[PDB]
């Protein structure tokens, strides 16, 4: 697939915003605490490499990725810092981990026992492994205190290995009620407790934890959404410091026409003109990530809100303009214009999801520009 360069639709990524967002968080964490920038899913749709480079200038000394291929892309970009693949890697790819000196998470001894084989008798390239203990997310990890204790000692029983860290992940750190959270921490504590040695990286925090549960054991935080300026808790809580939106979505009217009252517009004729109306055509559709369920949403033109009317097409949608306008004026889908602003949170709410998903859904067909 290609990216719509010759089309007015565009995604603007304010890099400095990321940097600012990262710097400010670094300032609120102890001097013995590292900031790892998690840029998975192509930097949550903003672009990994750039998010990665912007995150570094802010104080980040490590990176968190979700796939082997994503960790490799960073290396290929010149990223020379620790990179942690947040999930289970296929044994068939162990050698790749050694080649790019990537850090992997381990969730079972089975993987480690098999990983040992296919691993040089004494390699000068030990495999950096972070053991994940699952005290509540229910996804992956050891359900120790005993299981981890066995995993760790096994990891140290072999020069082929090198355990960089041990971590857990909270499922409700963005929740008003903190009862469940406190339980996960208990399970993590119960469990470093059974050990006698600790790796260099003991991490448990994500954006939400870092913002609302600061006084929590650990020396390294995995900073995600917050660095792109998005409130990790939707609109349930206020960040500890003013985040700064890094994503803007722009397009332009490429056709403007007046329709008589009583005319149907779009598929299924879900909409019918109520009177003389000015309808403008915008070159962005669901195939670009501007989902169909966005119909009643309003975008910006010349500082005024305009209702998308009618079914959102695959490659475009229609907005009822306020007053007659030529084609060409810029249409702000996400971002500020005049006294009005469209937040990714707003789009998420219209879609009944979280901005996490909205940002990740924006197709690659939409060119991203960084400044």
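Numbering follows the first chain given and starts at 1.
**Q** Out of 25-33 and 61-69, which one has CA B-factors that are higher on average in the deposited record?
**A** Stretch with the greater average CA B-factor: 25-33.
**Q** Which of the two stretches, 113-121 or 73-81, shows the higher mean Cα temperature factor in the record?
**A** Between 113-121 and 73-81, it is 113-121.
**Q** Select one of 214, 296, 280, 289: the residue whose C-alpha shows the highest B-factor in the crystal structure entry.
**A** That would be 214.
**Q** Just the C-alpha B-factor column, please: which of 138, 126, 229, 165 has the biggest number?
**A** Comparing C-alpha B-factors across 138, 126, 229, 165, the maximum falls on 138.
**Q** Sorting the chain's modelled residues by C-alpha B-factor, tell me whether residue 103 ends up in the lowest, middle or highest third.
**A** Residue 103: CA B-factor falls in the middle third of its chain.
**Q** Can you tell me which third, lowest, middle or highest, the CA B-factor of residue 337 falls into for its chain?
**A** Tercile = middle for this residue's CA B-factor.
**Q** Using the B-factors in the PDB entry, rank residue 142's C-alpha atom against the chain and give the third, lowest, middle or highest.
**A** Answer is highest: the recorded C-alpha B-factor places it there.
**Q** Split into thirds by Cα B-factor across the chain's modelled residues, where does residue 353 land: lowest, middle or highest?
**A** For residue 353, the deposited C-alpha B-factor lands in the lowest third.
**Q** In terms of the chain's CA B-factor thirds, is residue 203 lowest, middle or highest?
**A** Answer is lowest: the recorded C-alpha B-factor places it there.
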